[PDB]
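Beneath this line is the structure, given in structure tokens, with notes to follow.
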Amino acid sequence: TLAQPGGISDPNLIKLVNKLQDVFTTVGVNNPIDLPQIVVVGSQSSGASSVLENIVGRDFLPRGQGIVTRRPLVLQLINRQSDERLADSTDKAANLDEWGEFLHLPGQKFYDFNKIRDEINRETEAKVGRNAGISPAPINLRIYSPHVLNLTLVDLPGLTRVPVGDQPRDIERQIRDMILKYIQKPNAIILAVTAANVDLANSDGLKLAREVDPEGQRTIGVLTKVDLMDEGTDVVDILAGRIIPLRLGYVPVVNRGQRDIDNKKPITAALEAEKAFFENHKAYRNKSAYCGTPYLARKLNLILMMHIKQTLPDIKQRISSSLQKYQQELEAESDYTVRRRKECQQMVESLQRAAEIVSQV
Amino acid sequence: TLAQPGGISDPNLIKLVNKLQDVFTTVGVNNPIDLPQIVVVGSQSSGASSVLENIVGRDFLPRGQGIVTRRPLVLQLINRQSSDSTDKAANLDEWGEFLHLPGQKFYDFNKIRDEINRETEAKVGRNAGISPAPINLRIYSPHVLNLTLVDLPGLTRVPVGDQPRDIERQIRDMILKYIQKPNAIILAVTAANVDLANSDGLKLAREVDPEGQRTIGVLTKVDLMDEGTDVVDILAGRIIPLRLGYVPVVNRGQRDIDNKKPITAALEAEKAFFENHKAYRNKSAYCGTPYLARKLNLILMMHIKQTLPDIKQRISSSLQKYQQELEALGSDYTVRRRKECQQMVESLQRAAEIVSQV
Ligand SMILES: Nc1nc2c(ncn2[C@@H]2O[C@H](COP(=O)(O)OP(=O)(O)CP(=O)(O)O)[C@@H](O)[C@H]2O)c(=O)[nH]1
Ligand SMILES: Nc1nc2c(ncn2[C@@H]2O[C@H](COP(=O)(O)OP(=O)(O)CP(=O)(O)O)[C@@H](O)[C@H]2O)c(=O)[nH]1
Ligand SMILES: [Mg+2]
Ligand SMILES: [Mg+2]
């Protein structure tokens with residue numbers, strides 16, 4: 001189950017959105033909650049696909065050596081309330097409440113997230129072959145679950161310097177222009193991913209994020225590969241804010257190495273290895289709870305909570321002003337007058353009830 | 001001493017060049033030996049300064065964390081036959097002189113290192129500033145060629161400290177100055193712990209050497225790779241191929257630098273790493289500073305030998321001319337003249353002999 005306390009699929013965050021959708025319906029608004037997209041951006045092989053996969057909480061994105069992500073993967077998470085059909089699933093988490101559908105495969109359902117991964121590899125090769133070609137044409141994936149928000153996440157090819165295989169001379173500009181399409185949207189949280197085993201000032205993720213978000217208002221820095229740093233080096237000076245500071249700060253993570261991927265090590269054991277690495281390192285033992293994938297998921301949870309609560313002032317205003325109106329209108333008699341007193345009274349009670357639910361956030 | 005068999009300061013290479021230069025000057029023939037400059041280029045913190053240091057064979061370049069090389073270091077190695085130090089290799093035959101300190105001599109290569117740090121701070125301070133103004137260093141030794149080597153600031157993407165918004169273009173323009181020269185070997189330095197497609201060293205090298213004819217890829221930090229990864233596919237030529245190929249190396253890590261580990265122990269650690277690694281054990285002769293040194297030695301040897309046919313031609317045609325003049329003389333003036341022409345013919349014979357041996 002993709003339910004994960006603390007993260008973007010925190011049960012309380014789902015409960016909050018359902019409660020507000022019930023309020024909006026009774027007060028007569030189409031739900032105005034506009035959740036930002038989450039977009040990962042960095043140099044090629046910074047570990048972007050692994051960071052995005054960890055936020056979703058189940059494996060489905062191709063990860064490996066060489067050039068892997070060669071088309072945008074636009075994932076729509078869609079909230080949907082709810083056996084032989086899982087005969088020869090290889091996915092131990094596979095269940096009838098959660099599946100994927102690809103736009104390019106109408107009516108096919110993937111309960112097995114390994115098959116989602118296989119399909120992303122196949123659809124990539126169908127359009128751009130097996131010699132490093134890249135296309136801006138997105139692969140559109142929807143994932144249905146009772147435990148997710150209505151939210152878009154984007155995985156993107158990494159920025160490169162040197163064309164390989166079938167890539168043209170100007171591949172760097174083409175990947176730069178493809179990425180700007182997704183992060184120029186003011187409603188986009190930019191996860192600027194940089195490998196900790198390169199100097200931060202070489203980060204293409206940070207350079208691009210600073211071009212479109214110079215105030216650093218929707219950019220979180222992610223430092224991958226902290227386990228691969230030269231002995232006695234660390235990212236503490238970056239976390240302490242002394243080097244390219246970001247308003248929203250940086251989170252160091254340790255994802256699976258290529259040996260873990262080849263050994264098919266599961267996400268849960270990878271999360272436990274990451275906790276142990278940070279609790280046992282001299283330099284990260286201090287405030288170790290601010291290290292790792294769970295802290296990045298928490299940062300995102302809080303931003304998403306700020307977006308939902310950002311709507312309440314406007315709503316409190318509309319509730320009280322329509323409450324005042326019906327109370328004034330509410331000052332033997334005709335079929336009209338009796339019916340209208342009843343409708344106005346039913347309305348007053350809903351707006352009281354709505355006002356109560358909004359106060360208790 | 002800085003003499004190192006197999007590298008750019010191979011004693012046989014020094015002997016050969018001095019012998020030919022003595023011939024050219026004694027017989028009146030233009031010296032065509034034009035040795036390329038050797039220029040290191042890469043991303044900031046790829047390990048460029050350490051690769052250049054290892055080619056010279058004694059420590060003198062600032063290395064460490066953050067932005068370290070912040071001005072060009074143009075080193076002229078100059079061959080010179082001889083007549084309170086903290087440097088155990090210090091000797092009266094080998095010293096450095098900086099243009100900006102005229103007539104000061106540094107026998108202690110630690111002091112050379114200290115002076116590069118001080119002259120860097122004097123012009124661009126201690127908050128990451130960068131200048132294209134070179135620090136000009138000459139190193140005098142009986143054991144070196146007349147050879148120019150250049151260390152350069154790394155290419156960066158994001159300005160830090162005092163750096164201006166357009167620092168990337170300024171560093172790119174400063175580097176192109178040195179590698180646009182067709183007579184430059186480009187050492188494109190890339191950390192092995194990033195995918196080669198991210199190499200700024202290879203991107204810049206490809207702008208001036210698109211055919212990849214004068215570029216050696218150097219892969220540093222092979223000791224820092226993700227467990228079970230290796231650079232074998234790059235060494236096998238299957239990824240951005242270069243005529244002159246790639247050399248993997250392992251330099252001192254920051255802990256080695258903090259512990260002041262000497263160059264000799266670092267070269268022995270590198271040899272053991274490659275002899276003992278699953279992926280490199282059968283190919284260890286193609287690994288390390290010594291293989292990079294050998295590649296450079298061989299290129300230099302090809303340039304010297306490439307000139308000899310043209311030279312043999314000019315020597316014999318000069319010999320033919322003096323022989324014709326001498327046969328013209330066949331009275332105290334006449335006898336002196338016959339002797340001078342005879343002495344001249346013998347020089348060119350002798351010269352022709354010495355060149356044929358090679
Ligand atoms: N040791 C270690 N290896 C990591 C880490 N994160 C990712 N890797 C390794 O880096 C490689 C790239 O992982 P990946 O998620 O595919 O990176 P990416 O940036 O998406 C690759 P592309 O840009 O081509 O899509 C894999 O070999 C993976 O195991 C990390 O935190 N630690
Ligand atoms: N483990 C390991 N660390 C390396 C390697 N080469 C260099 N380092 C480390 O990388 C850092 C940079 O080394 P340095 O030689 O100064 O690199 P650079 O590219 O010249 C730095 P700048 O671009 O700022 O001048 C130092 O901490 C050094 O010890 C290597 O092969 N292995
Ligand atoms: Mg990827
Ligand atoms: Mg340097």
Side-chain angles (χ1 to χ4, degrees), chain A residues 42-47 64-68 132 157-165 167 169 171-172 175 192 194-211 214 224-225 227-234 237 242-245 255-263, chain B residues 42-47 64-68 128 154-161 163 165 167-168 171 188 190-207 210 217 220-221 223-230 233 238-241 251-259:
Chain A
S43 313
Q44 192 286 325
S45 62
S46 68
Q65 295 183 279
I67 303 171
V68 174
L159 272 132
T160 49
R161 315 278 170 81
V162 188
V164 291
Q167 288 174 352
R169 264 216 181 74
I171 188 59
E172 178 174 12
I175 294 169
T194 320
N197 62 351
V198 315
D199 195 287
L200 203 62
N202 277 107
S203 180
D204 292 299
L206 282 165
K207 172 165 162 65
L208 268 176
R210 282 183 17 155
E211 266 166 40
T224 62
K225 294 186 194 186
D227 53 318
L228 300 190
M229 286 181 86
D230 193 22
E231 201 217 340
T233 72
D234 61 56
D237 285 335
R242 293 165 159 164
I243 306 179
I244 304 155
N255 315 131
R256 288 172 280 192
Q258 184 59 43
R259 180 141 282 164
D260 298 328
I261 291 166
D262 296 343
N263 290 344
Chain B
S43 315
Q44 191 286 326
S45 60
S46 68
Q65 287 186 102
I67 316 293
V68 185
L155 196 51
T156 48
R157 297 267 157 188
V158 181
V160 291
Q163 287 173 357
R165 260 137 32 212
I167 187 61
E168 178 176 8
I171 293 170
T190 319
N193 58 1
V194 313
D195 188 291
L196 207 60
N198 270 94
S199 180
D200 286 306
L202 287 169
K203 168 163 171 209
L204 269 160
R206 164 179 298 186
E207 267 174 51
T220 62
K221 297 187 189 191
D223 53 316
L224 300 189
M225 286 179 86
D226 194 23
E227 205 211 280
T229 66
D230 63 55
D233 288 334
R238 293 202 259 273
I239 307 197
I240 306 154
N251 299 316
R252 287 170 280 193
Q254 187 58 42
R255 179 136 279 154
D256 300 331
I257 290 166
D258 296 342
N259 291 346

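Values below: every heavy atom of this structure, side chains too, minus hydrogens, waters and symmetry copies. Chain letters run A, B, ... following the sequence lines, proteins first, then strands; residues in each count from 1.
Taking CZ of A/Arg169 as the start and CZ of B/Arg206 as the end, the distance is 9.0 Å to the nearest 0.5 Å. Between the CG atom of A/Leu228 and the NZ atom of B/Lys221 there is a distance of 12.0 Å, given to the nearest 0.5 Å. In this structure, B/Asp195 CG and A/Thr160 OG1 are separated by 9.0 Å, a value rounded to the nearest 0.5 Å. We find the CG-CD distance between A/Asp230 and B/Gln65 to be 7.5 Å, quoted to the nearest 0.5 Å.
Contact annotation for B/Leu155: only backbone heavy atoms (N, CA, C, O) come within less than 4.5 Å of a heavy atom of chain A. Of the atoms belonging to B/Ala191, not a single heavy atom falls under 4.5 Å from chain A. Only the side chain of B/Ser45 comes within contact range of chain A, with at least one heavy atom under 4.5 Å from a heavy atom of that chain. Proximity to chain A involves both the backbone and the side chain of B/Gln44, based on heavy atoms less than 4.5 angstrom apart. Using a 4.5 Å cut-off between heavy atoms, B/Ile240 contacts chain A through its side chain alone, with no backbone atom that close.
Residues A/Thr233 and B/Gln254 share a closest heavy-atom pair of CG2-CB, 4.1 Å.
Interface summary for chain A: among B/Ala197, B/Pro159, B/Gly228, the most heavy-atom pairs under 4.5 angstrom belong to B/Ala197.
Using a 4.5 Å cut-off on side-chain heavy atoms (C-beta onward), A/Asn202 and B/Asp200 make contact.
Between A/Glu172 and B/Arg157 a salt bridge is recorded (basic side-chain N to carboxylate O distance below 4.0 Å).
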